[PDB]
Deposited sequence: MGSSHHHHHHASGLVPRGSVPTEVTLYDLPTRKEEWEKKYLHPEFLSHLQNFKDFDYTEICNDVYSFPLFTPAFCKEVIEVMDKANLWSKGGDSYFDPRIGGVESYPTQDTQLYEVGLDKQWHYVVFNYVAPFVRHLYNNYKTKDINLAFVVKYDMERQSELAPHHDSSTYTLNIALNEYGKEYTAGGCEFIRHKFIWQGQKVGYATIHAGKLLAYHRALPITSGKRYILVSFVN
């Protein structure tokens, strides 16, 4: 069976297993793609399947390379950098052109999985991202595996919580999307974050 690492060697099997059917079916026509503008210039949309999120979490938990300050692990620390590069420049980049007036994706700054839990507490200060746009994918289920959490978009005066498994949030990195993460109060929360220039 195809794994997370078999992209693009087994690309069509990879897409059917790991890409959300709605996003894959609209790769060449995002006009009718069911995405939501939760606040000005910030969009939520399905991207990956639950199997993608579960397997990403399994790889990260088994590797146990979390930083000892938020608890995260870079995708390249588990050998997924080339697969993530293919994902960004073939799947996400066409959607970014549709959302943001044909903006051309240049390069990837960072990509990592963040693990919020009750054991480690950290300051979640407001900040801008070191990116042109930021991709945030929810990897586990709100309410079932954690409570509270989310993200406050300070400039928009909008709090985004309860993101669905496999659904992504995209927003500007600098200047116009000042934001802070909000702490969980229960369980564990995994997200995939990527800073793209």
*Missing C-alpha stretches, by deposited numbering?*
1 to 22, 91 to 106
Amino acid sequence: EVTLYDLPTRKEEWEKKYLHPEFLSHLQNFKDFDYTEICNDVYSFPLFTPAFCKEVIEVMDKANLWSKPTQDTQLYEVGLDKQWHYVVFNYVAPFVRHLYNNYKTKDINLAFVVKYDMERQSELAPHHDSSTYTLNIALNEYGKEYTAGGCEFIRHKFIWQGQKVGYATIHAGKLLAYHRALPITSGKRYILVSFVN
From here on, numbers count along this sequence of modelled residues.
*Average Cα temperature factor in the PDB entry - higher stretch of 186 to 194, 1 to 9*: 1 to 9
*Between 32 to 40 and 134 to 142, name whichever shows the higher mean Cα B factor according to the PDB entry.*
32 to 40
_Given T169, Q161, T70, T147, identify the residue with the highest C-alpha B factor in the PDB entry._
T70
*Which one of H85, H127, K115, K106 shows the biggest C-alpha B-factor in the PDB entry?*
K106
*Among the modelled residues of its chain, does the C-alpha B-factor of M60 lie in the lowest, middle or highest third?*
lowest
*When the modelled residues of the chain are sorted by Cα temperature factor, does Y18 land in the lowest, middle or highest third?*
middle
_Where the record places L24 (Cα B-factor, split into thirds across the chain)_ = highest
*Grab the CA temperature factor for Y91 from the record and place it in the lowest, middle or highest third of its chain.*
highest
*In terms of the CA temperature factor given in the entry, to which third of its chain does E123 belong: lowest, middle or highest?*
highest
